[PDB]
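**Q** First the structure, then my questions, so here it is.
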Amino acid sequence: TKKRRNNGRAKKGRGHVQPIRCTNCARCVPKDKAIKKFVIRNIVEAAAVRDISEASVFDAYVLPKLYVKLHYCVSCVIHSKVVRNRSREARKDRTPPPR
Amino acid sequence: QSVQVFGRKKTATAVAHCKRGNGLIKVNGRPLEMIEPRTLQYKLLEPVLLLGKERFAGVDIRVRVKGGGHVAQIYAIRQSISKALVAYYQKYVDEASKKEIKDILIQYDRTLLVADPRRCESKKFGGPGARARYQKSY
Amino acid sequence: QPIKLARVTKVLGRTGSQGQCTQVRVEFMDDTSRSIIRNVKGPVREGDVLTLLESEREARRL
Amino acid sequence: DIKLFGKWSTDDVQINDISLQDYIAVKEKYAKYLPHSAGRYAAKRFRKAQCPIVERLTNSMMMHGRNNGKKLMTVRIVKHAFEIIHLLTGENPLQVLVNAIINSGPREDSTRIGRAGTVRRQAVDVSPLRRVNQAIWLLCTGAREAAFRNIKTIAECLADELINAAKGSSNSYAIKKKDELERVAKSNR
RNA sequence: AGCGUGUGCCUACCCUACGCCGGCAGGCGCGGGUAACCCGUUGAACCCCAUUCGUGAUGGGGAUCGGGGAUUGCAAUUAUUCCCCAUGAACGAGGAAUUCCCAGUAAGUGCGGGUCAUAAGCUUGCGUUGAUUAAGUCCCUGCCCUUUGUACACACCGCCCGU
């Protein structure tokens, strides 16, 4: 049966979308179908921020940030628990988690 | 009438007939630290070092002490002396002095008025005892 | 290596395959308290005193 | 003759503090003139530590199958030949209690690691209650499993442990094992 | 100690006290008990106690296995029956494989009931000595409450594909 109305991708009004490689397995997944995460974290973790700040030559250096873009195939996105399977009705909900 | 609960604990009992009399210092009728099992013999020497010799010139506590078990027969003499002082002071002068010596004795140690409720529990099915079970094969 | 007194506010819980480690949240008493979370084991009294004999060991979760 | 108890004094016995009762706390109903009370310390957690480390040391020495729980032996250890030496010392009697552990006391241990591998151990430390629990559980267990058939046998098993039990030194030997492994665990930072 | 048992309707196969004195249960007598009444303050008791080891293959714990009097059983040996002399038992933590267990619990220890003629190494209970660990988790083995997939419904020990 037709599980998803959008076929589990975002291809509307075009024939071909360029593929990308999953960051985990290096699988070829279309860019609309791939599950994209954008992690903007700190280069130095919280347990290491304090020690780096004390050792800093500059007062209030404001630490740099790490910007990483992750593309997951469906298998690796499900295994890594980035997304889970939802009920037939909860599947239609497109609201992102509040975080 | 007659109010007499004497001392008891676990299994053993020191029947403490409280009245006027000689009231010499004796445990099982025997001297201060002289008991034959020789294990818990100091428990009575402590209080009588505070008041004085005059105070025990008229308190005859005739005790029928029966019962095997140290933690029973000992720790029942302390209960018995606590109740003896309590009754004597309550009846004679007032309960304020009984309040005071009971305060020192009971806040000194909790375990007079409270006994161990633990007792051997029932054996059950398919096992050598209460909780253990017979070995299960496959 | 100075031992700092820490009061427990919340016990995070047990970690391990079968459950063998503990995690709690602790704060200072009157020493510009910070809500710092560290690994504990077993008994934690009501307002106990964790020994932050080191201020840089924030036991990491996950 | 205004001294309190039978061994303490109040006129000129000054400890210049009150904050020195981590393991020993006898100020309430839990006082019995001798540590002979029978009783239970497994009814609920934290109770083994609430047994003061003096009573814990002398009374948690009940392991193996020959002297397992029998309290006459703790009575012998603490009753005979200690109250006498308390005054036969001639010096200040605090030395025995305050010459044991304040540098011995283990201040870290660790926990198992991952799904594959045992060559390290994730660092954990506790408030005194569980550190005393774990460290001296393993101490008593090791001392009994290895020190079976002991030349340091009872009727003289008061001195060494009552001098390396409570507080005030770095001289205990299973404690040195756990302190070296404590440093090994401490390396996880 | 405490749980209990105990006899004349086919139970003349009850529980036993006390005296027989080869050294005490005991084959002979003489009594008690249909029982809170007698066994019984429970008839060759625990843990403990200078027979003692200031260390340990010894006195300290039983290696086949002989006697002194035999509870008295159509046989006992081809399942009943009672202390000891030191000739040493791998005499002090155990193949993969595993069972049970959270306090008066495990374990040690004996005592009753059933079976029965006293018949137990069985079971079912009862006391007595009495802990080490843990106040957690879903890793293993499984269970439950939800969502999900299924070509299964004999229900995954299923269905099924190709020489």
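So for chain D, numbering is Swiss-Prot's, and the shown residues are 16-204, in order.
Cβ atoms here come from the backbone N, Cα and C positions, even for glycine.
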**Q** So one of D:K47, D:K59, D:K63, D:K182 should carry the feature SUMO2 cross-link according to Swiss-Prot; which one?
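**A** Among D:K47, D:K59, D:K63, D:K182, the residue Swiss-Prot annotates as SUMO2 cross-link is D:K47.
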**Q** Given a 10 Å Cβ-Cβ cut-off, pick out the one of the recorded positions D:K47, D:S142 that has the most other Cβ atoms nearby.
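**A** Selected residue: D:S142.
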**Q** Round to a whole number and give the Cα-to-Cα distance in Å for the pair D:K47 (SUMO2 cross-link) and D:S142 (phosphoserine).
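**A** Distance (Cα to Cα, whole Å): 27 Å.
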**Q** Using DSSP and collapsing to three states, where does D:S142 (phosphoserine) fall: helix, strand or coil?
**A** coil
